[PDB]
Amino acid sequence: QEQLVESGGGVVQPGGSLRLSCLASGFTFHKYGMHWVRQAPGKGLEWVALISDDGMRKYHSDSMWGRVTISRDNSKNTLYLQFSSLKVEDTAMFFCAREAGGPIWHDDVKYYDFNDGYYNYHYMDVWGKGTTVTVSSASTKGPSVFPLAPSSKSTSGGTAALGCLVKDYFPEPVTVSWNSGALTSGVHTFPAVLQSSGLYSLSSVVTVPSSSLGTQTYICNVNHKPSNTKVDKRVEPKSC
């Protein structure tokens, strides 16, 4: 029942420090090397560090060297990752993964490494759920909501698109609804995008019939609990 469970993830400020941990079970921990792999929001997997079964040999990627230290405590089946001098850019999901390994077979005889240790098989055969690390300079702050006046969507077919621009808030999340949830059809709220300020912004749009404009009211309800902000913005057609 090989299982890995990371924890310790959270918000830190750039230049600061933080320690992650990975609790292992379902296998003999001290017989296997262990990896850390990160995945930045919407980006790919990136190898961070590897530590040998006995914790005497460590390896860190060139891109994070100086900001990470891998370690382990085999007496309590735990893998650690110590951060320092963190960069805003280091924001990512961090995964705990096991290095596959064992003996090397030549004929019917199993060959083990020094101290009867496993050789590496050079692939990761067990992974954890991952824990999120957020590096930000931002203080908790409420959003500014601007309207995106309706604009022709379907050239023909008689549809327009309008929405709300919710910008510069921290931390996540923000909830958005239309006409107090009475309007659901054609509604879509996009994931949040992170600016270099460390603040979040998102958009919520809805597709509606061009014919209904001027006779139908459209209000978005933005609510940011972290700052106890609630805002309702009327989105209406613009003049010129």
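Numbers for residues come from their place in the sequence shown, where the first is 1.
- Averaged over CA atoms, B-factors in the entry run higher in 104-112 than in the other of 104-112 and 131-139.
- For the pair 2-10 and 231-239, the mean B factor over Cα atoms is greater in 231-239.
- When the C-alpha B-factors of 207, 189, 61, 195 are ranked from the entry, the top spot goes to 195.
- In the deposited coordinates, the residue among 120, 75, 71, 84 with the greatest CA B-factor is 75.
- The deposited CA B-factor of residue 225 belongs to the highest third of values across its chain.
- Among all modelled residues in this chain, the alpha-carbon of residue 146 has a temperature factor (C-alpha) in the highest third.
- Ranked within its chain, residue 33 lands in the lowest third, by CA B factor from the PDB record.
- Sort the modelled residues of the chain by CA B factor and residue 217 lands in the highest third.
- When the CA B factors of the chain's modelled residues are split into thirds, the value for residue 27 lands in the highest one.
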